[PDB]
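Structural overview for review
One-letter residues, chain by chain:
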Amino acid sequence: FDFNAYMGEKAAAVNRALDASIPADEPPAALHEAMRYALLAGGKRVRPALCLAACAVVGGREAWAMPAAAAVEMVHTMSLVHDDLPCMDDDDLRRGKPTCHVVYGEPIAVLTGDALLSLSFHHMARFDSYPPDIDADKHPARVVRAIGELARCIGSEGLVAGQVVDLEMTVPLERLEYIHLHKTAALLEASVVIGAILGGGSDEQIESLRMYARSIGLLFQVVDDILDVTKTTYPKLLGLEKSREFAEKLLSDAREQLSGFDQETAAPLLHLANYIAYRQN
Amino acid sequence: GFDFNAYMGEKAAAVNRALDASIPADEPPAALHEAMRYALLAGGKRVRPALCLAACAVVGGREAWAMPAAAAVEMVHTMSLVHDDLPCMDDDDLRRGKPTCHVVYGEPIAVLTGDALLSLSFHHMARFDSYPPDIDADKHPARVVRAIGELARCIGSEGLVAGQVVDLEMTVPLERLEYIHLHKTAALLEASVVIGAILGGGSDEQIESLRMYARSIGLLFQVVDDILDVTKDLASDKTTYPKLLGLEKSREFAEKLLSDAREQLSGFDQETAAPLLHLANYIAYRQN
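Sequence positions are given from 1 along each chain as written, possibly unlike the numbering in the entry, and residues without coordinates are left off. Whichever chain is written first is A, and whichever ligand is written first is 1; the rest continue in order. Note that water and hydrogens are dropped before the side-chain values are worked out from all heavy atoms of the structure.

What the deposited record gives as its method is X-ray crystallography, and the resolution it gives is 2.0020 Å.

What follows covers the nonpolar core. Counting 202 residues, the largest nonpolar core has A:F121, A:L150, A:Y212, B:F122, B:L151 and B:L210 as the members making the most contacts within it. When near neighbours in sequence (up to four residues on either side) are disregarded, B:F122 contacts A:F121, A:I147, A:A151, B:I148, B:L151, B:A152 and B:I155. We call a set of buried residues a nonpolar core when its members are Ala, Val, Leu, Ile, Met, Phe, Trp, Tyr or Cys and they connect through side-chain atoms within 4.5 Å of each other. Any residue under 20% of the maximum accessible area for its type is buried, any over 50% is exposed, and the rest in between are partly exposed; the area is computed with a 1.4 Å probe on protein chains only. What makes two residues a contact is simply this: any of their non-hydrogen atoms within 4.5 Å.

Let us now look at the packing of helix α3 (residues 47-58) of chain B against helix α4 (residues 63-84) of chain B. Residue and element names in this part refer to chain B. Following both chains from N to C, one finds α3 and α4 inclined at 155°, their axes separated by 8 Å at the closest point. In terms of their interaxial angle, α3 and α4 are classed as roughly antiparallel. Seen along the crossing, α3 lies across α4 with a hand that is right-handed. Between α3 and α4, the contacting residues are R48, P49, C52, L53, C56 and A57 on the first element and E63, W65, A66, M67, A69, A70, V73, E74 and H77 on the second. For the contact of α3 with α4, the per-class residue count stands at 11 nonpolar, 1 polar and 3 charged. The convention used is that axes are lines fitted to C-alpha atoms, helices contributing only their stretch in contact, and that angles between N-to-C directions extend from 0 to 180 degrees. In this description a helix means any DSSP run of H or I spanning at least four residues, a strand means any run of E spanning at least two, and both kinds are numbered starting from the N terminus. Every angle not falling under 35 degrees, over 145, or within 65 to 115 is termed oblique; those three ranges are roughly parallel, roughly antiparallel and roughly perpendicular. The crossing is said to be left-handed when, going from far helix to near helix, the turn is anticlockwise and less than a right angle, and right-handed when the turn is clockwise. Residues are grouped as follows: nonpolar covers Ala, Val, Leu, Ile, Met, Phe, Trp, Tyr, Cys and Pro; charged covers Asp, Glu, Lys and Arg; every other residue, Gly included, is treated as polar.

Before going further, it helps to examine helix α8 (residues 159-168) of chain A. Within α8(A), 7 of the 10 residues are buried, which leaves it mostly tucked inside the rest of the structure. In this structure, the buried residues of α8(A) make contact with α4 (62-83), α7 (139-154) and α9 (173-198) of chain A together with α2 (30-41) and α6 (107-126) of chain B. Directly after α8(A), the chain includes A:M169, whose backbone phi takes a positive value near 60°.

As a further point, take the environment of A:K183. Residue and element names in this part refer to chain A. Turning to its location among the elements, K183 is positioned in helix α9. Along the primary structure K183 and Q221 are separated by 38 residues, whereas in three dimensions their C-alpha atoms are 9.4 Å apart. Once residues within four sequence positions are removed from consideration, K183 is found in contact with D83, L159, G162, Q163 and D166. By the criterion applied in these results, polar contacts are pairs of N or O atoms within 3.5 Å in which, for protein atoms, one can donate a hydrogen and the other can accept it, and in which residues neighboring in sequence qualify only through two side-chain atoms. Polar side-chain contacts of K183 include one of 2.7 Å to the side chain of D166.

This part covers the packing of aromatic side chains. A pair of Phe, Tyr and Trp rings is counted when the ring centres sit within 6.5 Å of each other, with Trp represented by its six-membered ring. The angle between the planes then sorts it: under 30 degrees is stacked, over 60 is edge-to-face, the rest tilted. Within this structure, the stated rule accounts for 10 aromatic pairs over all chains. With 5.7 Å between their ring centres and 45° between their planes, B:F2 and B:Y7 make a pair best called tilted. Using a relative accessible area of 33% as the deciding quantity, one classes B:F2 as partly exposed. The interplanar angle of 45° and the centroid separation of 6.0 Å between the aromatic rings of B:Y241 and B:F253 together place this pair among those described as tilted. With B:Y241 in helix α12 (residues 241-245) and B:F253 in helix α13 (residues 247-264), this pair connects stretches of sequence that are 12 residues apart. Among the aromatic side chains, those forming a connected cluster through ring pairs are A:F1, A:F3 and A:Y6. Placement of a charge over a ring requires the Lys NZ or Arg CZ to be within 6 Å of the ring centre, with the centre-to-atom vector within 35 degrees of the ring normal. Lying across the ring of A:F220, A:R47 places its NZ or CZ 5.7 Å from the centre. Directly above the aromatic system of A:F220 lies the positively charged group of A:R279, at a separation of 3.9 Å from the ring centroid.

Take α2(B) next. By this rule the span expected of a helix is its residue count minus one, scaled by 1.5 Å. Helix length check: α2(B) (12 residues) gives 16 Å between terminal C-alpha atoms against 16 Å at 1.5 Å per residue, within 8%. Along α2(B), the positions that sit buried rather than exposed are B:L32, B:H33, B:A35, B:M36, B:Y38, B:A39 and B:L40. Structurally, α2(B) contributes buried residues whose contacts are with α8 of chain A together with α1 (4-22), α4, β2 (98-99), α5 (101-105) and α6 of chain B. After α2(B) finishes, the residue B:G43 shows a positive phi value of roughly 70°.

So, about the interface of chain A and chain B. Tallying the contact residues gives 43 residues for chain A and 44 residues for chain B. Defined in terms of a 1.4 Å probe, buried area is the accessible area two parts forfeit on being brought together, summed over both. When the two sides are added together, the surface that chain A and chain B hide from each other amounts to roughly 3,500 Å², 81% of it contributed by carbon and sulfur. Should a side-chain nitrogen of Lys or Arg be within 4 Å of a carboxyl oxygen of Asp or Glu, the pair is scored as a salt bridge. Applying the counting criterion to the chain A and chain B interface returns 0 salt bridges. Counting every contact that joins chain A to chain B gives 6 residue pairs in polar contact. Among the elements of the structure, α2 (29-39), α6 (106-125), α7 and α8 of chain A are those that each provide at least two residues to the side of chain A that touches chain B. The class makeup of the residues in the side of chain A that touches chain B is 29 nonpolar, 8 polar and 6 charged.

All right, on to the UniProt feature "coiled-coil region" (unreviewed entry) in chain A then. UniProt positions are given in the numbering used here, feature names are shortened, and annotations may be inferred rather than shown by experiment. UniProt feature "coiled-coil region" (unreviewed entry): in the numbering of this structure it lies at residues 237-264 of chain A. From the first C-alpha to the last, residues 237-264 of chain A spans 38 Å; its make-up is 71% helix and 0% strand.

Time to look at unusual backbone geometry. All names here are of chain A. Of note, the amide linkage connecting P27 to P28 takes the cis form, showing an omega dihedral of -5°. Position of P28 among the secondary structure elements: in the loop between α1 (3-21) and α2. The backbone of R45 sits at a positive phi, close to 55°, despite the residue not being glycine. With respect to the secondary-structure elements, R45 resides in the loop between α2 and α3 (46-57).

Dropping the structure here:
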């Protein structure tokens, strides 16, 4: 198993689906260009990869979950487009490239966020988004459950709640944990859970995957804080060494949540967890 | 015969109960919940939920089957207002005599409140427990998927948002004016009746007739608004049907839209279709 090759092939496939989801030749042009600019501006596609890998680990075909992989990346992008607004965060650049509101203006950026959010649901709900070999009997209820999970992870019980609390703005540990679980972990949770649902996973499998996702979700942000402090965060509260220990515990917990799966089949998730833990950027 | 004012009153009451119940009163992210509740429960005549419930009724379903979607469309409607009122967009400080969401809660909270309402509409329509126990367990999932797709479609770059983007781009030709109105007004009306009909177990033929009904009354609404403005910010404000057509041709067009709306419903039980017929009349002959 070659993880870099895996990440490359999944990111390539996901970018293809994303590019195909938005026409570059229809009005209004500014909207479609803003959407494609925001969505096709590269990215490691970690959330779509989690989705496909969770579909695979429960015994599904990855193509069954491709619309959802695309959807969670649309949702992630939307969250970036809105977080970057001058009223919030106020970022002119992302990586080395100017943000959506810089290129297209704030009105177009707000609207681009809304259209991406809408598109995620539209794309996941079209039966023609899925391959012809889906289970015709079971698939509709799976789609409903997945839509419910994505929506639940985005709103006042997930992403937006975290954004709101982070906006209110030293922060106690419980509140920091809240913000990270909602602003970061919720959408990872949705990625793997939706993947497992569409793959036909059992409730038992889905709940193990959910616990895995919550651990790597927190881990993602703890490692983010650690890297940012080396270049309110967990090291500001607990110190760098306790932060590293906590990260270690989260990684170990996540890997342990998969002990019920065939470890060959769970290799992508195991490797994804490693990847999340050991980033250096 | 039929008392439209009473009908609107009972449906608005029922919808308001569902909406109030959709968002917790004291759940931990309080500012957000309060803001959502403020935006969503600040009155309104609830025409879109009523369209949804009436469409479920006319195809032979129970109105309760469509209540979650009714709630959902009002959330989407609210979301659009919340985002439209923003200073970078329409810059409105008041909406129907009440301070807008961003005035009371600030711009960040208004943007996020919009986002949260949009997601709540889908969350709410997808929960199996949102629906009454007597739904068809075999067919209901595929209907919910289809309705969710229609709802999403009416929001994004093929509907509401496309219309707002175009309306912002700033005299306008008739094609662009109708484009703007079809996307900013008709799309969500169409989604309301289409979703209602889907969840009600309506046929493809019934669904498409209701869709055309909604397109016609959506256009009719904006045409009548322009006429009333003559008898009594954006591209659709500056450019009007009477400026393009003259007042008399505008009135003729309104009459044609009304007759079309009424004809789209000719295949339904006219008693069950009463709320829709009377709604079309209300839209055509109102004076404000």
